[PDB]
Structure formats: structure tokens, C-alpha cells
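**Student:** Below are the C-alpha cells for one structure; questions will follow.
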Amino acid sequence: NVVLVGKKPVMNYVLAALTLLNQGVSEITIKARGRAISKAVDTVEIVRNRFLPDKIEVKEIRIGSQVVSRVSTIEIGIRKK
Amino acid sequence: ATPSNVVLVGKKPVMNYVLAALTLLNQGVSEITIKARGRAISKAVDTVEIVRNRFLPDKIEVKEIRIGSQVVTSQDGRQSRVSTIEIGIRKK
Ligand SMILES: [K+]
Ligand SMILES: [K+]
Ligand SMILES: [K+]
Ligand SMILES: [K+]
Ligand SMILES: [K+]
């Protein structure tokens, strides 16, 4: 129950997240690395503020690194209220 | 974090903000906040990760991360929304 945010338009990942939520998945994690990290935050904010206002909480946010080169990563856990 | 102890990460090279963060930490500031908006959000994460992987491994804790949105006015007068991140870090 993970949406990996990559290079595609942000609405791709917004719709992927809503699809899971509408399937009865109440907790999903949005993940990204490198420059896509800002698009992962966009994805969550669009889902939280524009689609499901007052029904999505941000449960936790983790940042880290991975070797490839070091690249940064983010993981954002969201939950239905 | 008092207002002097926020590093607002923007358009400059990432080592500029790494240097700002290390300077505050070296001066004894216990708590700092790394903030950014829009595409600089990924550079803000980079800043924290470079600090704690390349310079001060095992000395920096991430106290809390908050994300949100801001309303930005462009030069032509339109308003749109930009994402935000705030990363509180502290030593020990
Ligand atoms: K990207
Ligand atoms: K130091
Ligand atoms: K930038
Ligand atoms: K503005
Ligand atoms: K403009």
C-alpha cells in the first residue's frame, strides 16, 4: 500500500493514492527519492487539502538516504480519519 | 528554534545551507529548523542528510517534520499554492 512518486505528472500519483483509499485501504505511504521528494509532498497536500479535506491525517514522515552516490528519500504515511 | 536559527533553503547550492546549518550547530545552538518550499523541499532534505551523513554522523536527531501548503502570489497577481516542509533537528 505504497505510492512510489517518480518522474510522472503529480496527478498520476494523486490518482494512484485515491484509488487505494477508495479500495478500503485506510493507511498508505507515499515514497520518493531525490528531486521527486517535493512531488511526494505535493501529492499528499493535494490529496489532503483538495480531495479529502478534514479526512486525511499525516501520520508520520521519515527522511533518509540511500547509496547508488548518496540520494535522499522521504516516506510519508497518511491515514483516514 | 528562535527566528535566527531557521535555515530557509532556497535556490542557492545545497552546500550553502549545509554550511549555515553546521555553523549554527558549531556555535552551540541546540535546536535549528530547516525550512523550504516548492522544489526546494528536496534540497532541504538533502541539507539535513548531508549534515548528518557526511559531517556529523550519529550526533543529530530529527526532532520533528511537518509538511503543509502556502499561498504564493506571482508577479502577475495570481495566487497559487506551494508545498512546505519544516525539519526540526537538534544535537545529541
Ligand atoms: K521529479
Ligand atoms: K559541531
Ligand atoms: K531549488
Ligand atoms: K507571496
Ligand atoms: K507570473
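We label chains A, B, ... in the order they appear in the C-alpha cells, count residues from 1 in each chain, and number ligands from 1 in the order shown.
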Within 8 Å of chain A, which residues of chain B are there when counting only C-alpha atoms? Please give them as a VMD selection string.
**Tutor:** chain B and resid 38 to 43 45 to 46 49 65 to 69 82 to 84
**Student:** When you look at residue 5 in chain B with a cut-off of 8 Å (counting only C-alpha atoms), what residues show up, excluding the ones that are within fewer than 2 positions of it in the same chain? I need them as number ranges by chain.
**Tutor:** B: 1-3, 7, 24, 29, 31-33
**Student:** Any chance you can output those residues with C-alpha atoms as a PDB file, in the first residue's frame?
**Tutor:**
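The resulting file, result24.pdb, is reproduced below:
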```pdb
ATOM      1  CA  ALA B   1      14.012  27.326  17.221  1.00  0.00           C
ATOM      2  CA  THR B   2      14.257  31.100  17.571  1.00  0.00           C
ATOM      3  CA  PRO B   3      13.964  33.059  14.277  1.00  0.00           C
ATOM      4  CA  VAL B   7      17.759  27.924   7.735  1.00  0.00           C
ATOM      5  CA  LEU B  24      24.761  27.237  13.944  1.00  0.00           C
ATOM      6  CA  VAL B  29      22.633  26.261  19.054  1.00  0.00           C
ATOM      7  CA  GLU B  31      17.742  23.390  18.045  1.00  0.00           C
ATOM      8  CA  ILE B  32      17.516  24.540  14.429  1.00  0.00           C
ATOM      9  CA  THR B  33      14.758  24.339  11.820  1.00  0.00           C
TER      10      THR B  33
END
```
**Student:** Around ligand 4, out to 7 Å and counting only C-alpha atoms and all ligand atoms, which residues are there? I want them as JSON, numbers by chain.
**Tutor:** {"B": [71, 72, 73, 74]}
**Student:** As a count of residues only, which residues of chain A does DSSP assign to alpha helix (DSSP H)?
**Tutor:** 24
**Student:** Would you list the contacts of residue 62 in chain B as a ChimeraX atom specification, taking every protein, DNA or RNA residue within 8 Å and counting only C-alpha atoms, but skipping same-chain residues closer than 4 positions in sequence?
**Tutor:** /B:87-90
**Student:** Please determine, counting only C-alpha atoms and all ligand atoms, which residue among B:22, B:48, B:36, B:56 has the shortest atom-to-atom distance to ligand 3.
**Tutor:** B:36
**Student:** Might you pull out every residue within 10 Å of range 16-25 of chain A, with only C-alpha atoms counted and same-chain residues fewer than 5 positions away left off, and present them as a list in words?
**Tutor:**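 Non-adjacent residues within range: residues 1, 2, 3, 4, 5, 11, 30, 43, 44, 47, 51, 52, 79 and 80 of chain A.
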**Student:** Store the residues picked out above, limited to N, CA, C and O atoms, as a PDB file, in the first residue's frame.
**Tutor:**
```
ATOM      1  N   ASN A   1       0.855  -1.185   0.000  1.00  0.00           N
ATOM      2  CA  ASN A   1       0.000   0.000   0.000  1.00  0.00           C
ATOM      3  C   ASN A   1       0.892   1.237   0.000  1.00  0.00           C
ATOM      4  O   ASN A   1       0.892   2.060   0.917  1.00  0.00           O
ATOM      5  N   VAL A   2       1.673   1.328  -1.064  1.00  0.00           N
ATOM      6  CA  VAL A   2       2.714   2.328  -1.222  1.00  0.00           C
ATOM      7  C   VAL A   2       2.515   2.981  -2.576  1.00  0.00           C
ATOM      8  O   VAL A   2       2.249   2.296  -3.565  1.00  0.00           O
ATOM      9  N   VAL A   3       2.620   4.298  -2.624  1.00  0.00           N
ATOM     10  CA  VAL A   3       2.668   5.024  -3.882  1.00  0.00           C
ATOM     11  C   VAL A   3       4.090   5.546  -4.016  1.00  0.00           C
ATOM     12  O   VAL A   3       4.529   6.393  -3.226  1.00  0.00           O
ATOM     13  N   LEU A   4       4.834   5.010  -4.976  1.00  0.00           N
ATOM     14  CA  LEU A   4       6.195   5.471  -5.226  1.00  0.00           C
ATOM     15  C   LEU A   4       6.120   6.617  -6.232  1.00  0.00           C
ATOM     16  O   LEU A   4       5.780   6.417  -7.400  1.00  0.00           O
ATOM     17  N   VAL A   5       6.421   7.820  -5.763  1.00  0.00           N
ATOM     18  CA  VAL A   5       6.350   9.020  -6.584  1.00  0.00           C
ATOM     19  C   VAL A   5       7.644   9.143  -7.367  1.00  0.00           C
ATOM     20  O   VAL A   5       8.734   9.153  -6.788  1.00  0.00           O
ATOM     21  N   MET A  11      -0.382  14.469 -10.823  1.00  0.00           N
ATOM     22  CA  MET A  11      -1.744  13.937 -10.759  1.00  0.00           C
ATOM     23  C   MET A  11      -1.771  12.416 -10.916  1.00  0.00           C
ATOM     24  O   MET A  11      -2.687  11.751 -10.407  1.00  0.00           O
ATOM     25  N   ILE A  30       3.403   7.309   0.979  1.00  0.00           N
ATOM     26  CA  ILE A  30       3.920   7.929  -0.228  1.00  0.00           C
ATOM     27  C   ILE A  30       5.440   7.964  -0.091  1.00  0.00           C
ATOM     28  O   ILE A  30       5.966   8.436   0.928  1.00  0.00           O
ATOM     29  N   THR A  43       1.871  15.612  -3.724  1.00  0.00           N
ATOM     30  CA  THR A  43       0.862  14.556  -3.807  1.00  0.00           C
ATOM     31  C   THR A  43       0.030  14.484  -2.535  1.00  0.00           C
ATOM     32  O   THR A  43      -1.205  14.438  -2.574  1.00  0.00           O
ATOM     33  N   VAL A  44       0.694  14.482  -1.390  1.00  0.00           N
ATOM     34  CA  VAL A  44      -0.020  14.355  -0.126  1.00  0.00           C
ATOM     35  C   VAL A  44      -0.883  15.581   0.116  1.00  0.00           C
ATOM     36  O   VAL A  44      -2.055  15.470   0.492  1.00  0.00           O
ATOM     37  N   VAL A  47      -3.994  15.509  -2.042  1.00  0.00           N
ATOM     38  CA  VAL A  47      -4.963  14.549  -1.511  1.00  0.00           C
ATOM     39  C   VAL A  47      -5.589  15.094  -0.232  1.00  0.00           C
ATOM     40  O   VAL A  47      -6.812  15.072  -0.063  1.00  0.00           O
ATOM     41  N   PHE A  51      -8.980  16.952  -2.145  1.00  0.00           N
ATOM     42  CA  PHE A  51      -9.890  15.831  -2.355  1.00  0.00           C
ATOM     43  C   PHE A  51     -10.634  15.440  -1.093  1.00  0.00           C
ATOM     44  O   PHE A  51     -11.865  15.381  -1.084  1.00  0.00           O
ATOM     45  N   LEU A  52      -9.895  15.198  -0.021  1.00  0.00           N
ATOM     46  CA  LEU A  52     -10.435  14.671   1.219  1.00  0.00           C
ATOM     47  C   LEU A  52     -10.203  15.644   2.372  1.00  0.00           C
ATOM     48  O   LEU A  52      -9.604  15.255   3.385  1.00  0.00           O
ATOM     49  N   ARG A  79      -3.290   8.648   6.822  1.00  0.00           N
ATOM     50  CA  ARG A  79      -4.348   7.829   7.387  1.00  0.00           C
ATOM     51  C   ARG A  79      -5.676   8.562   7.271  1.00  0.00           C
ATOM     52  O   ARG A  79      -5.737   9.785   7.440  1.00  0.00           O
ATOM     53  N   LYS A  80      -6.727   7.804   6.968  1.00  0.00           N
ATOM     54  CA  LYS A  80      -8.093   8.303   7.018  1.00  0.00           C
ATOM     55  C   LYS A  80      -8.511   8.595   8.454  1.00  0.00           C
ATOM     56  O   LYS A  80      -8.127   7.893   9.393  1.00  0.00           O
TER      57      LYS A  80
END
```
**Student:** For ligand 3, which of B:52, B:12, B:35, B:63 is the closest residue, counting only C-alpha atoms and all ligand atoms?
**Tutor:**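 Between B:52, B:12, B:35, B:63, the residue approaching ligand 3 most closely is B:12.
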**Student:** Residues at most 8 Å from ligand 2, using only C-alpha atoms and all ligand atoms? Could they come as a PyMOL selection string?
**Tutor:** chain B and resi 22-23+25-28+56
**Student:** Using N, CA and C atoms, can you write the selected residues to a file as a compact mmCIF listing (two decimals), in the first residue's frame?
**Tutor:**
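The resulting file, part39.txt, is reproduced below:
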```
# COMPACT_ATOMS: atom_id res chain seq x y z
N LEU B 22 25.70 23.80 9.77
CA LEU B 22 26.88 23.43 10.55
C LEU B 22 27.37 24.59 11.40
N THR B 23 27.31 25.81 10.86
CA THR B 23 27.77 26.97 11.61
C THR B 23 26.94 27.16 12.88
N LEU B 25 25.12 24.88 14.45
CA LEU B 25 25.38 23.75 15.34
C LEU B 25 26.71 23.92 16.06
N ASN B 26 27.72 24.43 15.34
CA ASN B 26 29.04 24.59 15.93
C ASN B 26 29.08 25.71 16.96
N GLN B 27 28.19 26.70 16.84
CA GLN B 27 28.11 27.80 17.79
C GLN B 27 27.35 27.44 19.05
N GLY B 28 26.83 26.21 19.14
CA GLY B 28 26.18 25.74 20.34
C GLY B 28 24.67 25.82 20.32
N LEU B 56 28.33 15.11 10.49
CA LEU B 56 28.09 14.79 11.89
C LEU B 56 27.29 13.50 12.05
```
**Student:** Among chain B, which ones does DSSP assign to strand (DSSP E or B) (computed from the backbone)? Answer as a VMD selection string.
**Tutor:** chain B and resid 6 to 9 31 to 37 60 to 73 79 to 91
**Student:** Next, the residues of the selection above should be written as a compact mmCIF listing (two decimals), in the first residue's frame with C-alpha atoms.
**Tutor:**
```txt
# COMPACT_ATOMS: atom_id res chain seq x y z
CA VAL B 6 15.91 28.76 10.93
CA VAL B 7 17.76 27.92 7.74
CA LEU B 8 15.43 28.69 4.85
CA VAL B 9 16.62 26.52 1.96
CA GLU B 31 17.74 23.39 18.05
CA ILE B 32 17.52 24.54 14.43
CA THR B 33 14.76 24.34 11.82
CA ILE B 34 15.43 23.61 8.14
CA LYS B 35 12.54 25.06 6.09
CA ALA B 36 11.80 25.10 2.37
CA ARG B 37 9.02 25.35 -0.15
CA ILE B 60 21.99 14.84 15.07
CA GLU B 61 18.42 13.83 15.84
CA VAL B 62 15.45 14.73 13.67
CA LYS B 63 13.04 16.14 16.28
CA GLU B 64 10.01 16.53 14.01
CA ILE B 65 8.98 17.02 10.38
CA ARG B 66 5.90 18.98 9.33
CA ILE B 67 4.55 19.47 5.83
CA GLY B 68 1.96 21.95 4.67
CA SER B 69 0.94 24.43 1.96
CA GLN B 70 1.45 28.18 1.39
CA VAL B 71 -0.42 30.64 -0.85
CA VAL B 72 2.06 32.37 -3.18
CA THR B 73 1.35 35.46 -5.29
CA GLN B 79 -2.38 33.15 -6.34
CA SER B 80 -1.37 29.50 -6.29
CA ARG B 81 -0.39 27.03 -3.61
CA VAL B 82 3.12 25.79 -2.88
CA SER B 83 4.15 22.87 -0.64
CA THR B 84 6.23 23.45 2.51
CA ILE B 85 8.47 21.38 4.77
CA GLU B 86 9.90 22.15 8.22
CA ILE B 87 12.54 19.83 9.68
CA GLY B 88 13.50 20.41 13.30
CA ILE B 89 16.93 18.96 14.12
CA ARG B 90 18.85 19.02 17.40
CA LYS B 91 22.15 17.68 18.65
```
**Student:** Write as a ChimeraX atom specification the residues around ligand 5, taking 8 Å as the cut-off and counting only C-alpha atoms and all ligand atoms.
**Tutor:** /B:74-78
**Student:** With N, CA and C atoms retained, export the selected residues as a PDB file, in the first residue's frame.
**Tutor:**
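result00.pdb, written as the output of this step:
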```
ATOM      1  N   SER B  74       2.159  35.317  -7.585  1.00  0.00           N
ATOM      2  CA  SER B  74       3.117  35.560  -8.657  1.00  0.00           C
ATOM      3  C   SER B  74       3.145  37.032  -9.054  1.00  0.00           C
ATOM      4  N   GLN B  75       4.091  37.376  -9.942  1.00  0.00           N
ATOM      5  CA  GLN B  75       4.285  38.776 -10.318  1.00  0.00           C
ATOM      6  C   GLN B  75       3.059  39.357 -10.998  1.00  0.00           C
ATOM      7  N   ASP B  76       2.312  38.538 -11.741  1.00  0.00           N
ATOM      8  CA  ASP B  76       1.109  38.993 -12.424  1.00  0.00           C
ATOM      9  C   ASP B  76      -0.100  39.113 -11.501  1.00  0.00           C
ATOM     10  N   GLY B  77       0.042  38.777 -10.223  1.00  0.00           N
ATOM     11  CA  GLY B  77      -1.034  38.903  -9.270  1.00  0.00           C
ATOM     12  C   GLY B  77      -1.833  37.639  -8.999  1.00  0.00           C
ATOM     13  N   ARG B  78      -1.587  36.546  -9.720  1.00  0.00           N
ATOM     14  CA  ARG B  78      -2.301  35.304  -9.451  1.00  0.00           C
ATOM     15  C   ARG B  78      -1.827  34.652  -8.157  1.00  0.00           C
TER      16      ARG B  78
END
```
**Student:** Tell me, in Å to one decimal, how far CA of residue 10 in chain B is from CA of residue 7 in chain A.
**Tutor:**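 Atom-to-atom, CA of residue 10 in chain B to CA of residue 7 in chain A, that is 21.4 Å.
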**Student:** Can you pull out the residues contacting residue 47 in chain B? Cut-off 7 Å, using only C-alpha atoms, and skip same-chain residues under 4 positions away; I want them as a list in words.
**Tutor:**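 Counting only the stated atoms, we get residues 14, 17, 18, 43 and 51 of chain B.
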**Student:** Report the distance between CA of residue 14 in chain A and CA of residue 81 in chain A in Å, rounded to one decimal place.
**Tutor:** 18.1 Å
**Student:** What is the CA of residue 92 in chain B to CA of residue 20 in chain B distance in Å?
**Tutor:**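 Between these atoms lies a distance of 18.7 Å.
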**Student:** May I ask which of the residues B:15, B:44, B:54, B:21 is the closest one to ligand 3, counting only C-alpha atoms and all ligand atoms?
**Tutor:**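 For ligand 3, the nearest of the candidates is B:44.
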